[PDB]
Amino acid sequence: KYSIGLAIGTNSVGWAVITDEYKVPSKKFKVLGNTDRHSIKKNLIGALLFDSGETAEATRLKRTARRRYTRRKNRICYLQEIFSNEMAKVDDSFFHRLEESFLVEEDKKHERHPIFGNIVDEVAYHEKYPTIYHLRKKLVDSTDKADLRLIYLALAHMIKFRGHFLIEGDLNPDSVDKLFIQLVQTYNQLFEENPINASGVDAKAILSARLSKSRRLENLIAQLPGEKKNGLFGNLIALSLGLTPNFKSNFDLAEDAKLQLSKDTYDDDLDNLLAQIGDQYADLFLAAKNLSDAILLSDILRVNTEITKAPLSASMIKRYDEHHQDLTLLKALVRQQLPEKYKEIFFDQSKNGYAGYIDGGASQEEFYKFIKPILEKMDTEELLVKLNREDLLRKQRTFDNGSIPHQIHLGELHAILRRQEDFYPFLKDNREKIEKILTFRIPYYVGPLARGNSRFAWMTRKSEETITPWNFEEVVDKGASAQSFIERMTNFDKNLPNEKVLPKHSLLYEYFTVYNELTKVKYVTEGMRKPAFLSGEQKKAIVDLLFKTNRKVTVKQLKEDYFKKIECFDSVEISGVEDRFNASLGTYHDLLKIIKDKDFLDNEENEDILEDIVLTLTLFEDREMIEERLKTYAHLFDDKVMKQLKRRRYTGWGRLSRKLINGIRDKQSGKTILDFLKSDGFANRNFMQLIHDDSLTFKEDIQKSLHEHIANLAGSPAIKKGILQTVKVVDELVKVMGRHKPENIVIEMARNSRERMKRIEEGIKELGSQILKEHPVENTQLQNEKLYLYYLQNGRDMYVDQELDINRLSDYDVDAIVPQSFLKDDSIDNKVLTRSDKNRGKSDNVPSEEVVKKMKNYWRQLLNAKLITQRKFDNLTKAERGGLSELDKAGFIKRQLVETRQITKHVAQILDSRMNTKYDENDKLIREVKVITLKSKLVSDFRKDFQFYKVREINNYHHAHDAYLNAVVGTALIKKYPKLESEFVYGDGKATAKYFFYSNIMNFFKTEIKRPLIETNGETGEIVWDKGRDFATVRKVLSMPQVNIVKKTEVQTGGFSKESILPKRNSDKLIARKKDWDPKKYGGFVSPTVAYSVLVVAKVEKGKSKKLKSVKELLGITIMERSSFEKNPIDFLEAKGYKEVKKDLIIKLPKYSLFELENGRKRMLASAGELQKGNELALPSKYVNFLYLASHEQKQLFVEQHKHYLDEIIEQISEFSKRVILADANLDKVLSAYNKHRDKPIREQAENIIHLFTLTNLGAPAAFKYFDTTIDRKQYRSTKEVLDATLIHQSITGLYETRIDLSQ
RNA sequence: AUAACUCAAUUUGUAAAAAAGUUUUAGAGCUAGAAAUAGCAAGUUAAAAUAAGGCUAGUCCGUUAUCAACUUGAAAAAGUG
DNA sequence: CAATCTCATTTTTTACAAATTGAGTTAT
DNA sequence: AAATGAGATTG
Ligand SMILES: [K+]
Ligand SMILES: [K+]
Ligand SMILES: [K+]
Ligand SMILES: [K+]
Ligand SMILES: [K+]
Ligand SMILES: [K+]
Ligand SMILES: [K+]
Ligand SMILES: [K+]
Ligand SMILES: [K+]
Ligand SMILES: [K+]
Ligand SMILES: [K+]
Ligand SMILES: [K+]
Ligand SMILES: [K+]
Ligand SMILES: [Mg+2]
Ligand SMILES: [Mg+2]
């Protein structure tokens, strides 16, 4: 009888029901409720609208930040608990004054001065220590016994803000000249014939200067005569500067040697480069690393370490002193030269002067930006110098302090404890505890320290003690926890679901991969009559000789080093591999480098051991735990080898277990899978073959909720929301249809700036390019496609090997690498900037061989810098493979209309498995319902071909129309070409033919291209399509004025309110930040979020007399009030002032609750206090199509013939608005503007008319520009009128309703 | 369509950390002058909170997902035109 | 009242698993 | 990232 169309989207699911002849039925549905209507007629087309499903990310960031706060608090509490007994003797209330510091004097138990509890001592303190860093320095340097409260405050300050953990081990700050002299000296021992002269260069001043790395490099090698920044020494300095140099051209290497000191891979990149150039060069590179460390410290410390043990605190004190001197000076200067402007600068808090800087909301950047012109227009020079150094007037608590390692704060903490433990015994006894408070960190592989109540926690306990930083190693089981961390995410082997998958870098796994590949190699020589498999002997030979010697095995090496040497073939042809083997024994060679014993690796009796070792290296990344894991193998290798094995670390897991590979045996053979891969006789059988082979027993040994299911698919939670919604829609429609299932179901599914600036900064830096200095950019500017490409191509044409001009981009071209006709790709992977696309070569193909020849090296540079990806590069270069084959072309064309996306396949599988539940007499599935999946293009092209057009901004009907067209087209296709079921339906020379076929597949809808009016299916002679009437039905359907558009009603969740903390002020609006913090005193939160609104019919007290007055009103229940409201709603409402609440008239009203007022006017609930537009403007099709054609030959003369349609459209919009919108000022502005601009071209007026439909669009009001006239939105900020209106509760389809007239 | 492998890009989910920001309070303002109001001196730091909070009391949990109405369920979801 | 204008926490690092897409080798 | 609910001031 019927089929179902579905259009799945992130914010929408369109749906339609169609009959044999592609009509959409209309049915009468019962209405419920207290109203006049008992029924309504509904068309079976419609669409469901919903807010986007959100990722878990924000929730995650919040949760983890929460944990950070409570653990930081616990740190302080540990400290205070160590100080408690001895502080009670010094100061009874000290810690109490601290914890009540936030309270106003009125609420304080103790005196208002936190530290010493009296004004004179407090003032004295601040006068002696204007910043906490003064106290830090003096407490690190001094020998004097110190007041215990100041000791506490300094330790607490270092523990509360402890700096980061990104550097392992400890630092003992270093005092760059000596390390530079060092670099020069080892370099000079390595090159005896050309020395470099230390010369009396100042290495400290030049390398620690505030400039960029490249400029310090250039300055440094300026002082070096005849040395070039690209020479070896220059590259070593650059390396030490954190940069990424390339040492290949120093050493005559054909392979890029590039060392970035940050990347974890360094020691291995050094290991291989060193491996080529000799190991007499290791001294040099370690030297460069030392100089890197000291140069990195020189950013923060900025002070000679001879004066103090507290270089950080000392450099903060330095910031303070120069702030003071420069401020005295600046004030003087403004007095003299610009006294008028003194006020604004040092007083007005709103101006971003020094007053806005200290007392206001102006940042360092905004302050600098404000006074730049005030400095350079005076006579001041050095203050500007400090401003470009960003050193000018610096606070000590700053955005850039995130560089500070915790090791320096630890240095100061340890110094203080050593100083004052002499005077205070408990500091000696507890010194280590305290250091460990600062030092200890929960390992990421442990996770939350939980007892049973955390859904997020995997960690296991070695003992039941409460965990502390001091007992952590003893109480927490770290090996088990670290193991669960990975194993709870890792795949089991699907063939042996109870078996863990092997490490990707496991030796056995790599033998399996190499042999699996090798087994299908075939060879022919002159004599032999056919290509033959390798035998077991030949494979073992190739493995021992090539795979166990060379890290990668090329086809050339297979030919020369095996077939020539061993088998004496001067020529051979290899059929199973291309240019080199994909599989390799990498771990074999890694271990060979480390353990230096090949007999050990080749000996079967060590297999287990080696497996275990690699498992450890894979399963743990913590070097201490790795060591403890390898102790048992301590005896087997020299302590140095254990030192190197320690550092070897791998990541990743395979697809297969060890039992599957080498464990199971075939009953007849007794051979494992790998035994067969090694020797199978004549047949050389694949893993796939072994697994599916009925003569072998491997196969039989192997053969041994909707919402969760959807949540488990891989895909954006956004699209998943629409997937679940789509299933619920189908359920409801099947119910609507009498519990009869559809004949078909046709589903179609819809398809920064900081990341960009990052890509370009890194790629450019790699490339060594100046284009950033020469042409500075800002993140937002990179939203421009042409400019982003410009910076990714390094200012160069991508095809022509010439420079491009930044001012000239408007004259340049963005070209598609593989043409858009074949591949619809809008991304930067398929796009390129060139001055003219004509220089790509032929239009029909990949860029020409000429262009590949000329540009391939440059594209290689870009690839290495990662300014282009691999995919881009391989597509760009494909012409040297023959470019696009005709078969490739046909592939693209059919991929345009046939849906390959895995997520959509999952949708079809869900629907197919819910619809088809029965099996036939052979125990095979009965498909009563065919699930068809189409790509958007089909309905798009159809729409364009037959002039059923689409303008999204008129209303939401187009989602539902799209679903209808999906059902019509999708049913027509399979009706016409039933064989294409295999492509389009879920479940189980010639290239040119395929190309023409899938390119023309849709022509059976057309009369002439010449085809008959009536199309049929040749085999059954059934009528699929009749050009005379069927199209007419399509038009009638699109025209239908009543389409069910349902905005899903949803309880709002998430944040309680906006996060900002406003200053104290008298408003009942401010929300307390803590139970007892009265916002009138303390400030608080504004703008809570309504979870849902409740209808209340009750009485409220009135006036001094408290006369009870009956009310009906709408009360927003905030997310924060929700649980309290639901626990006991009556007590909650009574605490709000409502009395004699009528409990059964309470109506829950989530966001977007729908109401109908007079004249069919509708409203949706935005909140308790605001409304959204609830009506759709159904614009007759003739106007939709006219608008489409006008805003974009015969169609032009239609437009010019129908120009009066503009006035008619304005009259539709205005009629609609006067009945429904009820914004009079804005409507008059619209009419005024439209009547202004009618001298404009008809295209322009069409486009901007299309702008006008946001006035009439459903949902939240929004602003729109007509031409240059902006129309500000009109919000509906009263809900009063709803309380007497008719509320409409709707089904998911909107076909079932219950309507409540609210009078009560 | 599936499986293993190579290379790469993307997405989702989790954990452990850092720097700021804000908010109240504390950093004795000074002279005039009744009064506001002037004149000048000043400023860089800290404590504490950072979803209200919860019981399960953990160095845990608290912003994702899921939700018409009615009858039924504690929930999923079931039953209703 | 409504018309108008304004506001909205930000950023950084480390470690890890899984799909998925898409260019390739081999198989069911 | 906007966009959209609502805070703040003005007509
Ligand atoms: K008091
Ligand atoms: K030089
Ligand atoms: K401020
Ligand atoms: K500021
Ligand atoms: K601050
Ligand atoms: K290959
Ligand atoms: K590892
Ligand atoms: K040993
Ligand atoms: K939600
Ligand atoms: K939301
Ligand atoms: K990630
Ligand atoms: K609903
Ligand atoms: K908002
Ligand atoms: Mg808290
Ligand atoms: Mg602060």
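Keep in mind that the numbers below use all heavy atoms, side chains included, and drop hydrogens, waters and symmetry copies. Every chain is numbered from 1, with letters handed out A, B, ... down the list of sequences.
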Base of [N], side chain of [X] - is there a donor-acceptor contact under 3.5 Å?
{"X": "A:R1277", "N": "D:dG7", "value": "yes"}
{"X": "A:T1298", "N": "B:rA69", "value": "no"}
{"X": "A:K1048", "N": "B:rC67", "value": "no"}
{"X": "A:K28", "N": "B:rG81", "value": "no"}
{"X": "A:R1073", "N": "B:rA49", "value": "yes"}
{"X": "A:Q1275", "N": "D:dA6", "value": "yes"}
{"X": "A:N453", "N": "B:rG58", "value": "no"}
{"X": "A:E578", "N": "C:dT25", "value": "no"}
{"X": "A:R1273", "N": "D:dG5", "value": "yes"}
{"X": "A:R397", "N": "B:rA20", "value": "no"}

Determine the contact category for A:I467: base if any of its heavy atoms lies under 4.0 Å from a base atom, sugar-phosphate if only primed atoms, P, OP1 or OP2 are that close, otherwise nothing.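 Base, at least one base atom sits under 4.0 Å.
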Determine: side-chain N/O of A:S363 to OP1/OP2 of B:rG21, distance under 4.0 Å, yes or no.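 It does not, given that no N or O in the side chain of A:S363 lies less than 4.0 Å from OP1 or OP2 of B:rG21.
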Phosphate OP1/OP2 of D:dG7: any A:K1069 side-chain N/O under 4.0 Å: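 True: A:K1069 side-chain N/O within range (under 4.0 Å) of D:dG7 OP1/OP2.
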Counting only side-chain heavy atoms from C-beta out, which of [options] sits nearest to [X]?
{"X": "A:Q902", "options": "C:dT20, B:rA16, B:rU63", "value": "C:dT20"}
{"X": "A:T131", "options": "B:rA68, B:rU45, B:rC5", "value": "B:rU45"}
{"X": "A:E621", "options": "B:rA41, B:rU24, C:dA15", "value": "C:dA15"}

Rounded to the nearest 0.5 Å, what separation is found between the NE2 atom of A:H113 and the CD1 atom of A:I119?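 Rounded to the nearest 0.5 Å, the NE2-CD1 separation comes out at 4.5 Å.
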Take the angle between the ring planes of A:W1077 and A:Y1082 and call it parallel below 30°, perpendicular above 60°, tilted in between.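 Answer is tilted, since the angle falls between 30° and 60°.
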Glycosidic conformation of B:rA51, taking syn as within 90° of 0 and anti otherwise: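 Syn for B:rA51; the angle stays within 90° of 0.
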Any Watson-Crick or G-U wobble pairing between C:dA8 and C:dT20, both distances under 3.5 Å?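 When the criterion is applied, C:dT20 and C:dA8 do not count as a base pair.
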Flag the pair A:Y444 / A:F485 as yes when their ring centroid distance falls below 6.0 Å, and as no otherwise.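 So the answer is yes for these two rings.
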